[PDB]
Amino acid sequence: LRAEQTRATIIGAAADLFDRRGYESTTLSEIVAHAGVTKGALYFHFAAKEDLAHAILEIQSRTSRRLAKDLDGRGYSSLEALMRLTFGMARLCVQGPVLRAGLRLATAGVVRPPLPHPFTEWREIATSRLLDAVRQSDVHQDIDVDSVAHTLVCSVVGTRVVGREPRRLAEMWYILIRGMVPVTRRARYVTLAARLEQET
Amino acid sequence: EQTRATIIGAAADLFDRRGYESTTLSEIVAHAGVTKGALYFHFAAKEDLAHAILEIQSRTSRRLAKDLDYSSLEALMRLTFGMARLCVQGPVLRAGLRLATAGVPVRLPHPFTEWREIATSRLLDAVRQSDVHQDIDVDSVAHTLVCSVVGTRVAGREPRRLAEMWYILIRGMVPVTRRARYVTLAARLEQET
Amino acid sequence: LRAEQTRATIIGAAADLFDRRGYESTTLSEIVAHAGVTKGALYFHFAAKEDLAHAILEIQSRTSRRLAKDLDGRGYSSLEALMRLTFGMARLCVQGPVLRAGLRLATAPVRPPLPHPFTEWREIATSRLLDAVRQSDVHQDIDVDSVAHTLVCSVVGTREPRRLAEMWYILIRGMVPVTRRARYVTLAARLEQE
Amino acid sequence: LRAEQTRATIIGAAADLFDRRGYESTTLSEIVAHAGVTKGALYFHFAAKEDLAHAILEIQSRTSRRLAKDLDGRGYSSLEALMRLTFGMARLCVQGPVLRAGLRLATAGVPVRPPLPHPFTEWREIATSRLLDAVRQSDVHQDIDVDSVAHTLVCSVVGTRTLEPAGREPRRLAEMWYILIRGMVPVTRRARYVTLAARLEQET
DNA sequence: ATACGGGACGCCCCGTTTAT
DNA sequence: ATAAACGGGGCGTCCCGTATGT
């Protein structure tokens, strides 16, 4: 209402700090200052402050699945999905901090079910989208699919990536494509990555 | 001192488990046997424990790097594997990454742009000596190597992870011939458990 | 209002929480929570948290009267009336959730004019005691107070009429001329819920 | 150290406040204001503010049988002890706000933590004992229902009153005694007490 | 009278120096 | 390495009035 307008602002302003400072070290009032609200306006929306943690993870674990849908019957090859998908994730990290923050909160456990825990969400989404891309040839039917997925996930996670980071993800792809996709396929994809990094 | 190791050992445990920011002195002092005054006399402030943990790491980092004697790519390969073996060998070193993950306050060099700088030096030397193709881009590779060595957890699949990732690096990076040694090498370092 | 039913039931849960949690130990959160009522419903009815404490003392003192002026409706002896009352009043607090609270808030800020219940009570026992002296049931020599301090804790320092009778026994024995102790004691005995 | 000074001061401060204004309704800030200490000085000595109440209750229950003790060495018996024994507590009530807050805490909420020495089933005891021994000294009547009188006694001892002006406190108890004698005491020797009360009023 | 927003503190307790 | 004291917020939440889109 005026309610969501605020409720959002808050998460906004919280996700900014949480990303730049940590759950732990962001003052519950450095938030209510930086979102221009009041303790009690905040309170209506968030009683505890892992009510913020939680609703910030909430969004990430959601809008991930919302991109996983936004490109299927969009006519894409298995890999091309999973790849473009990650530039999608990378898309928003770059613009507005909610996601930026959600990543940083996946070192909190400030994890209680049916909360996402946002890694199986991705392992499984890639352990699948890969285990599928070894179908349309496109991979190598010799590879340990599971092991690559486990990698991909931090590979993604980065280090000042833990930007300029779409850029990084781009290279990461390259390093991974070369020596995962067969000789010929490397075409479609290297170009795919460079173009994905250009605009995403 | 002995008690000085004791305060850190306790501090590092509680840190890597509860986090720095929410580990209180009371609890460190508590879970250490040492008095509060004892604590403060050894270190000036809560952060100084955080410093002195980064110290152990950043130190014994190079203490392992001291074991260059060896293919530039091999040291670097093995360096990984050893480093990972350690980040389990007690809290101290493990808690070092934990403090790195969080808001690092430093000064010490810098936490990862030590590591990444190392990765590069080795890789540059590998390229200097044919083991790695000239027109890979080292830093792109340094970086990704520096990250990927977090995996996902940040629990037996650990060499079982590097090994596998090293392969992917080898497959695009190294010459086609020299490629083989380095793989059976990675298989073998995985067999240090 | 017909839909005062709410205000009845707001005070209902309000009163119960007070004599269990306490006054401020009890929060609006839990009152409306308990009540089965919106905050806003409560604020339309009462103005502020004290207004509920206030609303309660009122319900109490409006039974001090309501019940005192219905004993001296009968043909009663003043000193009889007086003890009659010290049993009625102490029987309500035995089972009234709304007056238990009345007590609990008396012990722990009463809005004027309302006279702090205790002094209300003492000047009533006085009133009646002084009457019974004129009737000659109580000796003409004893300092009327004595009074209401006695009879309060008898709940507060938590079957109990048996203790309330007990104290009459002691009182009657010292103030009521020797002749007339008969009646009152037998009556005090009789006044046990029965 | 003269931590004990502050430590004690705080409890003065707290008891004075706890007495005038209730437990619930006194702030740890009004307390630090009053004892002139800093929040962390108060914290050293008391973590929770229940500690501050439980330590006051203690300092009160302990202070009472220190009067069950001192009032022996055949310093009377049964009624005579019991009688001045009360007057003594009422004597400290009159100055030490710590004792005042003592009762103020029994009536309101006395919070959790082991054990909380319940100040009443304490007194029912000390009294039923002391009284039920003046049956054994025909200072009472064989007929008098001892346990009924203890509950009565303790009850009226608390009185209510500031609901009524402090210092008129042993004054009350004086009357309350008077009324109880008569009711309970052999005619033959009510004397001994009526004097022991009205003199004993101004001095305990 | 609903939802929403508003401040105000209360308590806890935490990371530290003086008395030493 | 003391025991005692120190301020300084953190979070929670409480008791309330201005806008209110069910």
# chains A, B, ... in the order shown; residues from 1 in each chain; ligands from 1
$ closest_atom_pairs --of "chain B" --to "chain E" --cutoff "12 Å" --atoms "only C-alpha atoms (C1' of nucleotides)" --output "JSON lines"
{"residue": "B:21", "atom": "CA", "partner": "E:14", "partner_atom": "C1'", "distance": 11.5}
{"residue": "B:22", "atom": "CA", "partner": "E:14", "partner_atom": "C1'", "distance": 10.5}
{"residue": "B:23", "atom": "CA", "partner": "E:14", "partner_atom": "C1'", "distance": 10.5}
{"residue": "B:24", "atom": "CA", "partner": "E:14", "partner_atom": "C1'", "distance": 7.4}
{"residue": "B:25", "atom": "CA", "partner": "E:15", "partner_atom": "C1'", "distance": 7.5}
{"residue": "B:26", "atom": "CA", "partner": "E:14", "partner_atom": "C1'", "distance": 8.5}
{"residue": "B:27", "atom": "CA", "partner": "E:14", "partner_atom": "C1'", "distance": 11.1}
{"residue": "B:36", "atom": "CA", "partner": "E:16", "partner_atom": "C1'", "distance": 10.9}
{"residue": "B:37", "atom": "CA", "partner": "E:16", "partner_atom": "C1'", "distance": 10.6}
{"residue": "B:39", "atom": "CA", "partner": "E:15", "partner_atom": "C1'", "distance": 11.9}
{"residue": "B:40", "atom": "CA", "partner": "E:16", "partner_atom": "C1'", "distance": 9.3}
{"residue": "B:44", "atom": "CA", "partner": "E:16", "partner_atom": "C1'", "distance": 10.0}
{"residue": "B:45", "atom": "CA", "partner": "E:15", "partner_atom": "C1'", "distance": 7.9}
{"residue": "B:46", "atom": "CA", "partner": "E:15", "partner_atom": "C1'", "distance": 7.5}
{"residue": "B:47", "atom": "CA", "partner": "E:15", "partner_atom": "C1'", "distance": 10.4}
$ write_last_selection --atoms "N, CA and C atoms" --output "CSV table (one decimal), in the first residue's frame"
chain,number,residue,atom,x,y,z
B,21,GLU,N,31.6,-11.3,14.8
B,21,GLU,CA,30.8,-10.2,15.3
B,21,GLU,C,29.9,-10.5,16.5
B,22,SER,N,29.6,-11.8,16.6
B,22,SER,CA,28.6,-12.3,17.6
B,22,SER,C,29.3,-13.3,18.6
B,23,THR,N,30.6,-13.3,18.6
B,23,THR,CA,31.3,-14.0,19.6
B,23,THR,C,31.8,-13.0,20.6
B,24,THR,N,31.3,-13.1,21.9
B,24,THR,CA,31.6,-12.2,22.9
B,24,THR,C,32.8,-12.6,23.6
B,25,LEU,N,33.5,-11.6,24.2
B,25,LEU,CA,34.7,-11.8,25.0
B,25,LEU,C,34.3,-12.7,26.1
B,26,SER,N,33.3,-12.4,26.8
B,26,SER,CA,32.8,-13.2,27.9
B,26,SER,C,33.0,-14.7,27.5
B,27,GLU,N,32.4,-15.1,26.4
B,27,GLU,CA,32.4,-16.5,25.9
B,27,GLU,C,33.8,-17.0,25.5
B,36,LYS,N,39.4,-12.8,32.3
B,36,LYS,CA,39.2,-11.7,31.3
B,36,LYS,C,40.5,-10.8,31.3
B,37,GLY,N,40.9,-10.3,32.4
B,37,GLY,CA,42.2,-9.6,32.5
B,37,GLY,C,43.4,-10.3,31.8
B,39,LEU,N,43.2,-12.2,29.1
B,39,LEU,CA,42.9,-11.9,27.8
B,39,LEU,C,43.5,-10.6,27.4
B,40,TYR,N,43.1,-9.5,28.1
B,40,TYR,CA,43.4,-8.2,27.7
B,40,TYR,C,44.9,-7.8,27.8
B,44,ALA,N,45.4,-6.4,22.9
B,44,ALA,CA,44.8,-5.2,23.3
B,44,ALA,C,43.3,-5.1,23.2
B,45,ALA,N,42.7,-5.9,22.2
B,45,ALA,CA,41.3,-5.7,21.9
B,45,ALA,C,40.7,-6.9,21.2
B,46,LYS,N,39.4,-6.9,21.1
B,46,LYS,CA,38.8,-8.1,20.5
B,46,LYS,C,39.4,-8.3,19.1
B,47,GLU,N,39.5,-7.3,18.3
B,47,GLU,CA,40.0,-7.4,16.9
B,47,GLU,C,41.4,-8.0,16.9
$ interface_residues --of "chain D" --to "chain E" --cutoff "12 Å" --atoms "only C-alpha atoms (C1' of nucleotides)" --output "short mmCIF file (atom, residue, chain, number, x, y, z; two decimals) with C-alpha atoms, in the first residue's frame"
data_model
loop_
_atom_site.label_atom_id
_atom_site.label_comp_id
_atom_site.auth_asym_id
_atom_site.auth_seq_id
_atom_site.Cartn_x
_atom_site.Cartn_y
_atom_site.Cartn_z
CA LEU D 1 36.99 -3.90 47.78
CA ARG D 2 34.54 -1.02 48.63
CA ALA D 3 32.63 -2.63 45.83
CA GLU D 24 7.76 -3.48 37.39
CA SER D 25 7.42 0.24 37.27
CA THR D 26 11.01 1.18 38.39
CA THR D 27 13.60 1.63 35.61
CA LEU D 28 17.21 0.52 35.82
CA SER D 29 17.94 4.10 34.89
CA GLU D 30 16.08 5.59 37.84
CA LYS D 39 24.93 1.00 34.27
CA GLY D 40 27.92 -1.34 34.13
CA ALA D 41 28.67 -0.81 37.80
CA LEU D 42 25.12 -1.96 38.48
CA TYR D 43 25.70 -4.79 36.02
CA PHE D 44 28.76 -6.03 37.78
CA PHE D 46 23.43 -7.53 39.24
CA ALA D 47 23.02 -9.06 35.75
CA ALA D 48 19.17 -9.17 35.56
CA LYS D 49 17.01 -6.88 37.61
CA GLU D 50 15.35 -9.94 39.16
#
$ residues_around --residues "residue A:123" --least-positions-apart "6" --cutoff "10 Å" --atoms "only C-alpha atoms (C1' of nucleotides)" --output "PyMOL selection string"
(chain A and resi 129+146-153) or (chain B and resi 152)
$ closest_atom_pairs --of "chain A" --to "chain E" --cutoff "8 Å" --atoms "only C-alpha atoms (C1' of nucleotides)" --output "JSON lines"
{"residue": "A:3", "atom": "CA", "partner": "E:4", "partner_atom": "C1'", "distance": 6.7}
{"residue": "A:38", "atom": "CA", "partner": "E:6", "partner_atom": "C1'", "distance": 6.5}
{"residue": "A:39", "atom": "CA", "partner": "E:7", "partner_atom": "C1'", "distance": 7.4}
{"residue": "A:40", "atom": "CA", "partner": "E:6", "partner_atom": "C1'", "distance": 6.0}
{"residue": "A:41", "atom": "CA", "partner": "E:5", "partner_atom": "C1'", "distance": 4.8}
{"residue": "A:44", "atom": "CA", "partner": "E:4", "partner_atom": "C1'", "distance": 7.5}
$ closest_residue --among "A:43, A:87, A:18, A:189" --to "chain B" --atoms "only C-alpha atoms"
A:18
$ atom_distance --atom1 "atom CA of residue A:60" --atom2 "atom CA of residue A:14"
14.2 Å
$ closest_atom_pairs --of "chain A" --to "chain F" --cutoff "8 Å" --atoms "only C-alpha atoms (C1' of nucleotides)" --output "tab-separated table"
residue	atom	partner	partner_atom	distance
A:1	CA	F:21	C1'	7.9
A:27	CA	F:10	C1'	7.4
A:28	CA	F:11	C1'	7.4
A:47	CA	F:12	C1'	7.7
A:48	CA	F:12	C1'	7.6
$ write_last_selection --atoms "C-alpha atoms" --output "PDB file, in the first residue's frame"
ATOM      1  CA  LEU A   1       0.000   0.000   0.000  1.00  0.00           C
ATOM      2  CA  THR A  27      22.766  -1.598  13.308  1.00  0.00           C
ATOM      3  CA  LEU A  28      19.000  -2.015  13.382  1.00  0.00           C
ATOM      4  CA  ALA A  47       9.631  -7.839  14.640  1.00  0.00           C
ATOM      5  CA  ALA A  48      13.004  -9.631  14.843  1.00  0.00           C
TER       6      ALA A  48
END
$ interface_residues --of "chain D" --to "chain C" --cutoff "8 Å" --atoms "only C-alpha atoms" --output "list in words"
residues 22, 24, 25, 107, 108, 109, 120, 148, 149, 151, 152, 155, 156, 158, 159, 160, 175, 176, 179, 180, 182, 183 and 184 of chain D
$ residues_around --residues "residue C:184" --least-positions-apart "2" --cutoff "12 Å" --atoms "only C-alpha atoms (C1' of nucleotides)" --output "PDB file with N, CA and C atoms, in the first residue's frame"
ATOM      1  N   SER C  77     -29.076  -5.463  62.143  1.00  0.00           N
ATOM      2  CA  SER C  77     -28.261  -4.759  63.141  1.00  0.00           C
ATOM      3  C   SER C  77     -27.008  -4.195  62.473  1.00  0.00           C
ATOM      4  N   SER C  78     -26.590  -2.999  62.885  1.00  0.00           N
ATOM      5  CA  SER C  78     -25.422  -2.380  62.265  1.00  0.00           C
ATOM      6  C   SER C  78     -24.204  -3.280  62.317  1.00  0.00           C
ATOM      7  N   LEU C  79     -23.781  -3.677  63.513  1.00  0.00           N
ATOM      8  CA  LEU C  79     -22.675  -4.624  63.596  1.00  0.00           C
ATOM      9  C   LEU C  79     -22.939  -5.928  62.865  1.00  0.00           C
ATOM     10  N   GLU C  80     -24.189  -6.306  62.728  1.00  0.00           N
ATOM     11  CA  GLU C  80     -24.461  -7.491  61.947  1.00  0.00           C
ATOM     12  C   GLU C  80     -24.196  -7.176  60.483  1.00  0.00           C
ATOM     13  N   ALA C  81     -24.817  -6.092  60.012  1.00  0.00           N
ATOM     14  CA  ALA C  81     -24.621  -5.599  58.654  1.00  0.00           C
ATOM     15  C   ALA C  81     -23.139  -5.596  58.321  1.00  0.00           C
ATOM     16  N   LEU C  82     -22.355  -5.089  59.266  1.00  0.00           N
ATOM     17  CA  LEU C  82     -20.954  -4.897  59.036  1.00  0.00           C
ATOM     18  C   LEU C  82     -20.254  -6.190  58.781  1.00  0.00           C
ATOM     19  N   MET C  83     -20.512  -7.208  59.581  1.00  0.00           N
ATOM     20  CA  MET C  83     -19.857  -8.448  59.308  1.00  0.00           C
ATOM     21  C   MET C  83     -20.489  -9.098  58.124  1.00  0.00           C
ATOM     22  N   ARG C  84     -21.793  -8.917  57.964  1.00  0.00           N
ATOM     23  CA  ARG C  84     -22.480  -9.509  56.816  1.00  0.00           C
ATOM     24  C   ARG C  84     -21.657  -9.155  55.590  1.00  0.00           C
ATOM     25  N   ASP C 137     -24.204  -2.346  70.595  1.00  0.00           N
ATOM     26  CA  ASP C 137     -23.504  -3.596  70.264  1.00  0.00           C
ATOM     27  C   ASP C 137     -21.984  -3.603  70.415  1.00  0.00           C
ATOM     28  N   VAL C 138     -21.361  -2.417  70.376  1.00  0.00           N
ATOM     29  CA  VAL C 138     -19.888  -2.253  70.507  1.00  0.00           C
ATOM     30  C   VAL C 138     -19.617  -1.280  71.632  1.00  0.00           C
ATOM     31  N   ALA C 165     -13.767 -15.770  59.890  1.00  0.00           N
ATOM     32  CA  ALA C 165     -14.621 -15.932  61.054  1.00  0.00           C
ATOM     33  C   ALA C 165     -13.730 -15.799  62.245  1.00  0.00           C
ATOM     34  N   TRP C 168     -13.191 -12.337  63.443  1.00  0.00           N
ATOM     35  CA  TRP C 168     -14.362 -11.784  64.085  1.00  0.00           C
ATOM     36  C   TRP C 168     -14.385 -12.227  65.498  1.00  0.00           C
ATOM     37  N   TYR C 169     -14.289 -13.541  65.686  1.00  0.00           N
ATOM     38  CA  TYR C 169     -14.227 -14.118  67.007  1.00  0.00           C
ATOM     39  C   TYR C 169     -13.363 -13.224  67.891  1.00  0.00           C
ATOM     40  N   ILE C 170     -12.156 -12.918  67.432  1.00  0.00           N
ATOM     41  CA  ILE C 170     -11.237 -12.181  68.271  1.00  0.00           C
ATOM     42  C   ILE C 170     -11.768 -10.784  68.509  1.00  0.00           C
ATOM     43  N   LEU C 171     -12.298 -10.173  67.455  1.00  0.00           N
ATOM     44  CA  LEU C 171     -12.825  -8.815  67.541  1.00  0.00           C
ATOM     45  C   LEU C 171     -14.036  -8.680  68.456  1.00  0.00           C
ATOM     46  N   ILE C 172     -14.941  -9.641  68.359  1.00  0.00           N
ATOM     47  CA  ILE C 172     -16.201  -9.563  69.052  1.00  0.00           C
ATOM     48  C   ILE C 172     -15.912  -9.649  70.532  1.00  0.00           C
ATOM     49  N   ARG C 173     -14.934 -10.498  70.855  1.00  0.00           N
ATOM     50  CA  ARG C 173     -14.529 -10.814  72.230  1.00  0.00           C
ATOM     51  C   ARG C 173     -14.011  -9.603  73.006  1.00  0.00           C
ATOM     52  N   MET C 175     -14.727  -6.103  71.924  1.00  0.00           N
ATOM     53  CA  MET C 175     -15.417  -4.852  71.716  1.00  0.00           C
ATOM     54  C   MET C 175     -16.897  -4.867  72.059  1.00  0.00           C
ATOM     55  N   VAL C 176     -17.527  -6.035  71.881  1.00  0.00           N
ATOM     56  CA  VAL C 176     -18.971  -6.280  72.075  1.00  0.00           C
ATOM     57  C   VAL C 176     -19.285  -6.592  73.524  1.00  0.00           C
ATOM     58  N   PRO C 177     -20.248  -5.894  74.147  1.00  0.00           N
ATOM     59  CA  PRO C 177     -20.400  -6.164  75.557  1.00  0.00           C
ATOM     60  C   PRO C 177     -20.638  -7.665  75.799  1.00  0.00           C
ATOM     61  N   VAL C 178     -20.382  -8.150  77.024  1.00  0.00           N
ATOM     62  CA  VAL C 178     -20.240  -9.618  77.283  1.00  0.00           C
ATOM     63  C   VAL C 178     -21.499 -10.392  76.984  1.00  0.00           C
ATOM     64  N   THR C 179     -22.608  -9.906  77.544  1.00  0.00           N
ATOM     65  CA  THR C 179     -23.972 -10.274  77.151  1.00  0.00           C
ATOM     66  C   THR C 179     -24.184 -10.569  75.655  1.00  0.00           C
ATOM     67  N   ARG C 180     -24.023  -9.557  74.795  1.00  0.00           N
ATOM     68  CA  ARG C 180     -24.277  -9.671  73.367  1.00  0.00           C
ATOM     69  C   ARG C 180     -23.248 -10.401  72.513  1.00  0.00           C
ATOM     70  N   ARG C 181     -22.252 -11.055  73.087  1.00  0.00           N
ATOM     71  CA  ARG C 181     -21.289 -11.768  72.239  1.00  0.00           C
ATOM     72  C   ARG C 181     -21.905 -13.029  71.678  1.00  0.00           C
ATOM     73  N   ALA C 182     -22.766 -13.657  72.471  1.00  0.00           N
ATOM     74  CA  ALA C 182     -23.529 -14.798  72.029  1.00  0.00           C
ATOM     75  C   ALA C 182     -23.811 -14.645  70.540  1.00  0.00           C
ATOM     76  N   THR C 186     -22.099 -16.896  67.286  1.00  0.00           N
ATOM     77  CA  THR C 186     -22.905 -17.891  66.586  1.00  0.00           C
ATOM     78  C   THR C 186     -23.048 -17.479  65.114  1.00  0.00           C
ATOM     79  N   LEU C 187     -23.378 -16.208  64.860  1.00  0.00           N
ATOM     80  CA  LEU C 187     -23.555 -15.710  63.477  1.00  0.00           C
ATOM     81  C   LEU C 187     -22.274 -15.795  62.621  1.00  0.00           C
ATOM     82  N   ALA C 188     -21.153 -15.382  63.201  1.00  0.00           N
ATOM     83  CA  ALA C 188     -19.868 -15.499  62.536  1.00  0.00           C
ATOM     84  C   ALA C 188     -19.600 -16.954  62.176  1.00  0.00           C
ATOM     85  N   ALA C 189     -19.895 -17.866  63.110  1.00  0.00           N
ATOM     86  CA  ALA C 189     -19.779 -19.292  62.846  1.00  0.00           C
ATOM     87  C   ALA C 189     -20.635 -19.643  61.630  1.00  0.00           C
ATOM     88  N   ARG C 190     -21.914 -19.256  61.685  1.00  0.00           N
ATOM     89  CA  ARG C 190     -22.887 -19.515  60.615  1.00  0.00           C
ATOM     90  C   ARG C 190     -22.437 -18.975  59.249  1.00  0.00           C
ATOM     91  N   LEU C 191     -21.859 -17.779  59.245  1.00  0.00           N
ATOM     92  CA  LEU C 191     -21.371 -17.170  58.019  1.00  0.00           C
ATOM     93  C   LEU C 191     -20.112 -17.872  57.512  1.00  0.00           C
TER      94      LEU C 191
END
$ closest_residue --among "C:41, C:68, C:33, C:3" --to "chain E" --atoms "only C-alpha atoms (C1' of nucleotides)"
C:41
$ closest_atom_pairs --of "chain C" --to "chain F" --cutoff "8 Å" --atoms "only C-alpha atoms (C1' of nucleotides)" --output "tab-separated table"
residue	atom	partner	partner_atom	distance
C:27	CA	F:14	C1'	7.4
C:28	CA	F:15	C1'	7.6
C:48	CA	F:15	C1'	7.9
C:49	CA	F:15	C1'	7.7
$ write_last_selection --atoms "N, CA, C and O atoms" --output "PDB file, in the first residue's frame"
ATOM      1  N   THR C  27       0.708  -6.460  28.835  1.00  0.00           N
ATOM      2  CA  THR C  27       0.744  -5.591  27.672  1.00  0.00           C
ATOM      3  C   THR C  27      -0.477  -5.649  26.731  1.00  0.00           C
ATOM      4  O   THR C  27      -1.035  -6.706  26.471  1.00  0.00           O
ATOM      5  N   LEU C  28      -0.870  -4.492  26.222  1.00  0.00           N
ATOM      6  CA  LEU C  28      -1.906  -4.407  25.210  1.00  0.00           C
ATOM      7  C   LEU C  28      -1.875  -5.524  24.177  1.00  0.00           C
ATOM      8  O   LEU C  28      -2.919  -6.117  23.892  1.00  0.00           O
ATOM      9  N   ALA C  48      -6.921   4.666  26.721  1.00  0.00           N
ATOM     10  CA  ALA C  48      -5.530   4.418  27.068  1.00  0.00           C
ATOM     11  C   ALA C  48      -5.510   3.257  28.024  1.00  0.00           C
ATOM     12  O   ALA C  48      -6.560   2.882  28.542  1.00  0.00           O
ATOM     13  N   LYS C  49      -4.326   2.687  28.265  1.00  0.00           N
ATOM     14  CA  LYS C  49      -4.199   1.460  29.083  1.00  0.00           C
ATOM     15  C   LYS C  49      -4.777   1.591  30.506  1.00  0.00           C
ATOM     16  O   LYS C  49      -5.463   0.677  30.976  1.00  0.00           O
TER      17      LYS C  49
END
$ residues_around --residues "residue D:181" --least-positions-apart "4" --cutoff "7 Å" --atoms "only C-alpha atoms (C1' of nucleotides)" --output "list in words"
residues 177, 185 and 190 of chain D
$ closest_residue --among "A:178, A:65, A:173, A:160" --to "residue A:80" --atoms "only C-alpha atoms"
A:173
$ closest_residue --among "D:150, D:103, D:131, D:15" --to "residue D:118" --atoms "only C-alpha atoms"
D:103
$ residues_around --residues "stretch 64-81 of chain D" --least-positions-apart "2" --cutoff "8 Å" --atoms "only C-alpha atoms (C1' of nucleotides)" --output "PyMOL selection string"
chain D and resi 60-62+83-85+88-89+130-134+137+139+193
$ select_by_dssp --residues "stretch 124-178 of chain D" --states "alpha helix (DSSP H)" --output "PyMOL selection string"
chain D and resi 124-131+146-158+170-178
$ residues_around --residues "residue B:95" --least-positions-apart "2" --cutoff "8 Å" --atoms "only C-alpha atoms (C1' of nucleotides)" --output "VMD selection string"
chain B and resid 12 to 13 15 to 16 53 91 to 93 97 to 99
$ interface_residues --of "chain B" --to "chain F" --cutoff "7 Å" --atoms "only C-alpha atoms (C1' of nucleotides)" --output "VMD selection string"
chain B and resid 35 37 to 38 41
$ write_last_selection --atoms "C-alpha atoms" --output "short mmCIF file (atom, residue, chain, number, x, y, z; two decimals), in the first residue's frame"
data_model
loop_
_atom_site.label_atom_id
_atom_site.label_comp_id
_atom_site.auth_asym_id
_atom_site.auth_seq_id
_atom_site.Cartn_x
_atom_site.Cartn_y
_atom_site.Cartn_z
CA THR B 35 40.47 -14.85 33.08
CA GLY B 37 42.21 -9.62 32.52
CA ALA B 38 44.42 -12.43 31.20
CA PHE B 41 46.98 -8.40 28.82
#
$ closest_residue --among "B:89, B:193, B:113, B:6" --to "chain A" --atoms "only C-alpha atoms"
B:113
